[PDB]
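Residue numbers (UniProt numbering), protein chains in the order written: chain Y, 242 to 289; chain G, 12 to 124; chain C, 338 to 433.
The block underneath contains the structure these notes are about, expressed in structure tokens.
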Amino acid sequence: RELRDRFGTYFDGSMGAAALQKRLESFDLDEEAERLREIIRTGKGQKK
Amino acid sequence: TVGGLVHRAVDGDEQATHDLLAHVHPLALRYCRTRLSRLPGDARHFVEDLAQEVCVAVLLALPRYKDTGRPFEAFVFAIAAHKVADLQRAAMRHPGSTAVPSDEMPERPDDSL
Amino acid sequence: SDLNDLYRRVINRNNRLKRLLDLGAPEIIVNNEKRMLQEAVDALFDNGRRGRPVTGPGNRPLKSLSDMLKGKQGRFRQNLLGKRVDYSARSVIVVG
DNA sequence: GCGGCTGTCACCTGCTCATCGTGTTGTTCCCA
DNA sequence: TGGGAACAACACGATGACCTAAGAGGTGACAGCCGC
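This is the structure in structure tokens:
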């Protein structure tokens, strides 16, 4: 509540499955697959 | 104190309504639990479902809650008792719908063979 | 069927949520109702995954839509591989 | 960053039935 | 068809306030969370 009162209009927040729906809509998979391929190509131990 | 909260809520203060209902809801939950736990049937799985109704009742009683020196706790614990009684009314009437899939599927055959 | 009870729970909580939205109820009440609707659909799809199960007439758990597919008595392992059949009989066996 | 351990997800198995909180309205019955 | 009466619907919200008992499975496979 403090954050929303102080510096609102820059970030958007939510609770429950609405937040997940917004992320799954906005989030695109190509770039994520790219970084995952980068890290698996050069990874150590559990992280890979 | 609850008194100022109810005063601002009947006035129409949204923050006061929020803060007062945030206190009403735990009371409604506790009362619905301690009643419905000991009653027969599957009423125990409606405790929360009743609490929300109790809160809804309060949400529609504040606009005309003419105070008479009665604490708001009394108002909530009267509404909760009435809702519990209404659930009992709905339960005891014709308690024939038994949710047993071991008779409809295995024991009851199709009418057309 | 238990599915009727679970569908009734989800429809109850959905309608109560719609009412609460219409009245402009505070954040806490709408949040509680939305959480309850989430748990209701969760019980509809799988009663036992999270929390306590929703019991039916007795203390036994209710049957979820996914509980009707798995297990020994599920659809696959009781009705699609092994079926009761017509033109069949049985009796005790004696030596001729 | 990489271990323990610590839970959590899989499998294996099987006829009885207890009430409220008041008060009112409208239909739908029961008698005559 | 009159009164006399039974269920299904409703609208409110009786100066007082918290569960309940039941409850010994076993064995793998694993991915997290917590500790180094």
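C-beta atoms are modelled at their ideal positions from N, C-alpha and C, and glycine is treated no differently.
(message) Run through chain C and tell me which residues come within less than 9 Å of Y/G257, C-beta to C-beta.
(response) As a working mapping, residue 257 of chain Y is identified with position 16 in the first sequence. What Y/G257 touches in chain C: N368, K371, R372, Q375.
(message) Would you say the beta carbon of G/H29 is closer than 6 Å to some non-hydrogen atom of the ligand NAD?
(response) Looking at this structure, you won't find the ligand NAD or any other ligand, since it has none at all.
(request) Can you grab the Cα-Cα spacing for the pair G/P120 / G/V111, in whole Å? (result) Position 109 of the second sequence, counting from 1, holds the residue named residue 120 of chain G. Position 100 of the second sequence, counting from 1, holds the residue named residue 111 of chain G. About 15 Å.
(request) Check whether the Cβ atoms of C/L406 and C/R412 lie closer than 7 Å to each other. (result) For the purposes of this step, residue 406 of chain C is taken as residue 69 along the third sequence, with counting starting at 1. For the purposes of this step, residue 412 of chain C is taken as residue 75 along the third sequence, with counting starting at 1. Taking 7 Å as the Cβ cut-off, C/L406 and C/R412 qualify as a contacting pair.
(request) State the start and end residues of the unbroken alpha helix (DSSP H) segment that holds G/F83. (result) For the purposes of this step, residue 83 of chain G is taken as residue 72 along the second sequence, with counting starting at 1. Here the alpha helix (DSSP H) through G/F83 covers 83–103.
(request) Compare the C-beta of C/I348 with all C-beta atoms of chain G and state if any pair is closer than 7 Å. (result) Against the third sequence, residue 348 of chain C aligns to sequence position 11. Output row for C/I348: interface = no.
(request) Express the C-alpha separation of Y/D269 and G/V87 in angstroms, rounding to a whole number. (result) Stepping through the second sequence from its first residue, residue 87 of chain G is reached at position 76. Stepping through the first sequence from its first residue, residue 269 of chain Y is reached at position 28. Each residue's alpha carbon lies about 49 Å from the other.
(request) Using the Cα positions of C/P398 and G/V65, report the straight-line distance between them to the nearest angstrom. (result) Counting from one through the third sequence, the residue named residue 398 of chain C turns up at place 61. Counting from one through the second sequence, the residue named residue 65 of chain G turns up at place 54. Distance between the alpha carbons of C/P398 and G/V65 is about 27 Å.
(message) Against G/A110, what residues of chain C qualify as contacts under a CB-to-CB distance less than 8 Å, listed in chain order?
(response) Position 99 of the second sequence, counted from the first residue, corresponds to residue 110 of chain G. Per Cβ cutoff of 8 Å: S338, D339, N341, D342, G393, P394, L399.
(message) Rounded to the nearest angstrom, what separates G/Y42 and Y/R245 at their Cα positions?
(response) If you number the second sequence from 1, residue 42 of chain G lands on position 31. If you number the first sequence from 1, residue 245 of chain Y lands on position 4. Straight-line Cα distance between these residues: approximately 35 Å.
(message) Alpha carbons only, please: which of G/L31, G/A54, G/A39 is nearest the one belonging to C/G395?
(response) Sequence index remark: in the third sequence, residue 395 of chain C carries index 58 (1-based). It is G/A54 whose Cα lies nearest to the Cα of C/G395.
(message) Quick check on the DSSP output: what are the complete alpha helix (DSSP H) runs of length 4 or more inside the region 42–71 of chain G, in order along the chain?
(response) 58–70
(request) Could you tell me whether the Cβ of C/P363 comes closer than 7 Å to any Cβ of chain G? (result) Taking the third sequence and counting its residues from 1, one reaches residue 363 of chain C at position 26. C/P363 counts as touching chain G.
(request) Drop a sphere of 10 angstroms on the beta-carbon of C/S401, count the other beta-carbons inside from all chains shown, and report buried for 16 or more, exposed for fewer. (result) Your numbering for residue 401 of chain C matches position 64 in the third sequence. C/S401 is buried by the Cβ-count criterion.
(message) So if I threshold CB-CB distances at 9 Å, which residues from the region 58–69 of chain G count as touching chain C?
(response) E59, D60, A62, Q63, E64, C66, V67
(message) Our contact map puts C/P363 next to G/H34 with C-beta atoms below 8 Å; I'd like the distance itself, whole angstroms only.
(response) In the third sequence, the residue the question calls residue 363 of chain C occupies position 26. In the second sequence, the residue the question calls residue 34 of chain G occupies position 23. Actually they are not in contact, since the Cβ atoms of C/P363 and G/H34 sit about 11 Å apart, beyond 8 Å.
(message) Helix, strand or coil for G/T28? Go by DSSP, reduced to three states.
(response) In the second sequence, residue 28 of chain G corresponds to position 17, counting from 1. Helix.
(message) With three or more beta-carbon pairs closer than 8 Å as the criterion, would you say the region 251–265 of chain Y touches the region 273–288 of chain Y?
(response) no
(request) Leaving aside the five residues before and after G/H36 along the sequence, list all residues of the same chain whose C-beta is less than 7 Å from its C-beta, in chain order. (result) Looking up residue 36 of chain G in the second sequence gives position 25. Same-chain partners within the cutoff: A62, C66.
(request) Out of G/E118, G/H18, G/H56, point me to the one whose CA is closest to G/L40's CA. (result) Mapped onto the second sequence, residue 40 of chain G falls at position 29. Closest by alpha carbon: G/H56.
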